[PDB]
Amino acid sequence: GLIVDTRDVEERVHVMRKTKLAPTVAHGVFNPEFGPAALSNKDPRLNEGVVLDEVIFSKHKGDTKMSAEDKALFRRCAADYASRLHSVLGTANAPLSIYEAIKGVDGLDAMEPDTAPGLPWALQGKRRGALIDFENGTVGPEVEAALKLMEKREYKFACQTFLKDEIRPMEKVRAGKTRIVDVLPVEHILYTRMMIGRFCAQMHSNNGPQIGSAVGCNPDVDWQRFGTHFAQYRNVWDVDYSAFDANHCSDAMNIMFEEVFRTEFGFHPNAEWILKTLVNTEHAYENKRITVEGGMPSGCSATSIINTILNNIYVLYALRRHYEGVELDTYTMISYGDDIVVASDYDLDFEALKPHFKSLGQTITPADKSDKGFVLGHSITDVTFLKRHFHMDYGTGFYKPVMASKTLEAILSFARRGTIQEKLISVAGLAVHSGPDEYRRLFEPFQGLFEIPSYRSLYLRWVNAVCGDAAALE
RNA sequence: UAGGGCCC
RNA sequence: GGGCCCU
Ligand SMILES: [Mg+2]
Ligand SMILES: [Mg+2]
């Protein structure tokens, strides 16, 4: 986005800590080019002359403005995709009750009872459950009143900046490229869910290339679906954006919201409005108050869905900006926020597309930094999506989500106190797909100290999940 | 942490 | 209710 204002007000928003990630036994063994992100402005691992408070915000390099001509075309693209999207999902997009928004519905998990409540509740030591009853699905009086200012379109808010405590490439750690989470007030999340949760539920249940969205998918079983679909195209592209979330422009965002969440689609008129409040935002970080224009806040409700929608619209726009007679079926794609696979039988030229994406403030590069620029003839077994490759299972014939061994090693090398056992079992479900030897190796440093699920048991679990029938009558 | 999915 | 992984 564009930082239009940075100012000091006395009331310190308290965030920075030490990391909670301690190394495991495997760190000594794997020695990964990874480590926890810097959370302190004087972290010794930081390069000489780096300011964390700086780099943290260096993603806001502006809010690209679009011409009337470009705006109109983007609007047609957003209108065209909305049209495909709602034809598939239906138009059952009515608001959710307070209850529904809280407890979830068929396809949408419950709100999280004990995560960050946002501002100003954080500055009063109140916790989310002080404000909302998650057993019963009702709101306390401080939220009810806020709702009321939202039904009235007068509600105002600030985003709370948290540093993300997570593992990173060493290069990026040493650079101060710690990511930030933009925590919104829990009433804003609740109301957005009231406004677009039913839609979101429908998105999750219909995930797939037809709607170009993978939000709600489960890689273990969905890899077979996705694999077979993309297998049948002459060309497949793995496309990388740079700072996708932050570089959404005001115009793109506003127009998308106007085209996709129309009342004629069954949405409450305040769906558009609640969404639009994400365009111009105040961010609280320590003593600082950063006024930003443009960008998606990470960690507002529906953040991944909105990103997925924009991602679909950008591909359509970029191609139409270049070629003629380009329709929704000239290509196919699936997206999860910024992450995307695109495919087409047409010999599209993504190299030529750079400047068209550029018009929305977006910079596309090919996933393989290698040999410079987009090429033709790649297949699905060449690309990555959600940090997984599409490999063929030797024994069922189905595609399986395979994570790179360095990634797995990085992941196994660190954990939070008292969680190794749990984490091990989880990551095991991730590792099974790498095959029995590689599974044995990754887990070797844990032999004797923790319980390691057998390869066989996790393989059999996976088979039953991906096709109950190939368990049964094999 | 918005969320998705999984593990217990 | 706790945890993990991905976006
Ligand atoms: Mg990168
Ligand atoms: Mg990718």
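Residues numbered from 1 in each chain as written, not as in the entry; some residues may be left out. Chains lettered and ligands numbered in written order. Heavy atoms only, no water.

Its PDB header attributes the entry to X-ray crystallography and lists the resolution as 2.60 Å.

Going by the annotation in the PDB entry, the name recorded for chain A is RNA-dependent RNA polymerase, with Foot-and-mouth disease virus C-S8c1 given as the source organism. What the PDB record gives as the title of this entry is "Foot-and-mouth disease virus RNA-polymerase RNA dependent in complex with a template-primer RNA and 5F-UTP".

Q: Describe the overall build of chain A, naming the residues involved and giving the relevant values.
A: Within chain A one finds 17 helices and 17 strands. Scaling as 2.2 N^0.38, a compact globule of 474 residues should have a C-alpha radius of gyration of about 23 Å, and chain A matches this with 23 Å. For chain A, the spread of C-alpha atoms along the principal axes amounts to about 60 × 55 × 50 Å. Taking all 474 residues of chain A together, the buried fraction comes to 50%. Across chain A, contacts joining residues at least 24 apart in sequence account for 74% of those joining residues at least 6 apart. With an accessible surface of roughly 22,000 Å², chain A has 49% of that area assigned to carbon and sulfur atoms. For chain A, the centre of its 53 positive side-chain charges and the centre of its 63 negative side-chain charges are spaced 4 Å apart. (Helix = DSSP H or I, 4+ residues; strand = E, 2+ residues; numbered from the N terminus. Rg over C-alpha atoms; globule rule 2.2 N^0.38 Å. Buried < 20%, exposed > 50% of the residue type's maximum accessible area, 1.4 Å probe, protein only. Contact = heavy atoms within 4.5 Å. Areas by Shrake-Rupley, 256 points an atom, 1.4 Å probe, with all protein chains shown as cover. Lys, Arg positive; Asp, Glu negative; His and termini not counted. Charge placed at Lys NZ, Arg CZ, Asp CG, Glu CD.)

Q: Requested: an account of the pattern of salt bridges, with residues and values cited.
A: In the structure shown here, the tally under the stated rule is 25 salt bridges. Where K354 meets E351, a salt bridge forms, and the shortest distance between an N and an O atom there is 2.6 Å. Of this pair, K354 and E351 both sit in helix 12 (residues 350-358), three residues apart, which is roughly one turn of the helix. For the salt bridge of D393 with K400, the shortest nitrogen-to-oxygen distance reads 3.4 Å. As far as burial versus exposure is concerned, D393 and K400 are alike and both buried. The network of salt bridges with shared partners includes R75, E258, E259, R262, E272 and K276. (Salt bridge = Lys/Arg side-chain N within 4 Å of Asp/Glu carboxyl O.)

Q: Explain the packing of helix 8 (residues 219-230) against helix 16 (residues 455-466) to me, using residue names and the numbers behind them.
A: When two helices pack together, their arrangement is given by the angle between the helix axes and the distance between those axes. Contact geometry of helix 8 with helix 16 gives a least axis separation of 8 Å together with a crossing angle of 55°. Accordingly, the angle class assigned to the pair helix 8 and helix 16 is oblique. Here helix 8 and helix 16 pass one another in a crossing that is right-handed. The segment helix 8 lies against helix 16, with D220, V221 and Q224 engaging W462, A465 and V466. Across the contact of helix 8 with helix 16, the residue classes tally to four nonpolar, one polar and one charged. (Axes fitted to C-alpha atoms, helices over the stretch in contact; angles between N-to-C directions. Parallel < 35°, antiparallel > 145°, perpendicular 65-115°, else oblique. Left-handed = near helix turned anticlockwise from the far one by under 90°. Nonpolar A, V, L, I, M, F, W, Y, C, P; charged D, E, K, R; others polar.)

Q: Can you explain the sheet that holds strand 10 (residues 280-293)? Please cite residues and give values.
A: With mixed pairing, four strands are arranged side by side in an open sheet as 1-10-6-8. Edge strands, defined here as strands with exactly one partner in the open sheet, are strand 1 (2-13) and strand 8 (180-183). Within the sheet, the average angular offset between the axes of one strand and its neighbour, ignoring direction, is 40°. The pairing of strand 6 (residues 159-163) with strand 8 spans four bridges and is classified as antiparallel. (Pairing = 2+ DSSP bridges.)

Q: How would you summarise the protein's contact with RNA strand B if you had to cite specific residues and measurements?
A: The immediate surroundings of RNA strand B are formed by 25 residues, with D109, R128, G299, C300 and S301 found nearest. Within 4 Å of the protein, atoms of RNA strand B come from sugar and phosphate in 83% of cases. Contacts to RNA strand B include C217, whose backbone N or O atom sits 3.2 Å from a sugar or linking oxygen. Contact between RNA strand B and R461: a phosphate oxygen at 3.3 Å from a side-chain N or O atom of the residue. Of all the secondary-structure elements, those providing two or more residues to the surface near RNA strand B are strand 8, helix 7 (186-205), helix 11 (303-320) and helix 14 (420-431). At three residues, the largest contribution of residues to the surface near RNA strand B is made by helix 7. Of the residues in the surface near RNA strand B, the class split is 12 nonpolar, nine polar and four charged. (Near = heavy atom within 4 Å. Polar contact = N/O pair within 3.5 Å; in protein donor to acceptor, adjacent residues only side chain to side chain.)

Q: Explain the protein's contact with RNA strand C to me, and be specific about the residues and the numbers.
A: As a structural note, the neighbourhood of RNA strand C is formed by 17 residues, with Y336, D338, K387, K423 and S426 the closest of them. Take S304: an N or O atom from its side chain is 3.4 Å from a base oxygen of RNA strand C. If you tally residues by element for the surface near RNA strand C, the top one is helix 14, at five residues. Looking at the surface near RNA strand C residue by residue, the class counts come to six nonpolar, four polar and seven charged.

Q: Explain the domain arrangement of chain A to me, and be specific about the residues and the numbers.
A: Structurally, chain A comprises domain 1 (1-207 + 249-302), domain 2 (208-248 + 303-403) and domain 3 (404-474). Computed over C-alpha atoms only, the centres of domain 2 and domain 3 are separated by 28 Å. Across the contact, 15 residues belong to domain 2 and 15 residues belong to domain 3. Taken over both partners, the interface formed by domain 2 and domain 3 buries close to 1,200 Å², and the fraction arising from carbon and sulfur atoms is 66%. Ranking the residues of domain 2 by area buried against domain 3 places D220, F398 and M403 at the top, with a combined share of 48%. Here domain 2 and domain 3 share zero salt bridges between them. At the junction of domain 2 and domain 3, the tally comes to three residue pairs in polar contact. Elements represented by at least two residues in the side of domain 2 that touches domain 3 include exactly helix 8, strand 15 (388-392) and strand 16 (399-403). The element best represented in the side of domain 2 that touches domain 3 is strand 16, accounting for five residues. (Domains from an automatic or database assignment. Buried area = accessible area lost by both parts, 1.4 Å probe.)

Q: Provide a residue-level description of the pairing of strand 11 (residues 332-336), including the pertinent values.
A: Every regular strand shows the same layout, with side chains that alternate between the two sheet faces. Of all the five residues making up strand 11, four are buried; the element is thus mostly covered by neighbouring parts of the structure. Of the strand pairs in this sheet, strand 11 and strand 12 (residues 339-344) are connected by five bridges, and their pairing is antiparallel. Each bridged residue has a counterpart across the sheet, and for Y336 the counterpart in strand 12 is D339. In this antiparallel pair of consecutive strands, strand 11 and strand 12, the connection spans two residues, and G337 shows a positive phi of 55°.

Q: So what's going on with unusual backbone geometry? Residues and values would help.
A: Apart from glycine, the bulk of residues carry a negative phi angle, and the bulk of peptide bonds sit in the trans form. With omega at -5°, the peptide bond leading from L119 into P120 counts as cis. Checked against the element boundaries, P120 lands in the loop between helix 4 (98-103) and strand 4 (132-133). Its identity as a non-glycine residue notwithstanding, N31 has a phi of 40°, on the positive side. Considering the arrangement of structural elements, one finds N31 in the loop between helix 1 (25-30) and strand 3 (34-36). We note that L386 has phi near 45°; this positive angle belongs to a residue other than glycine.

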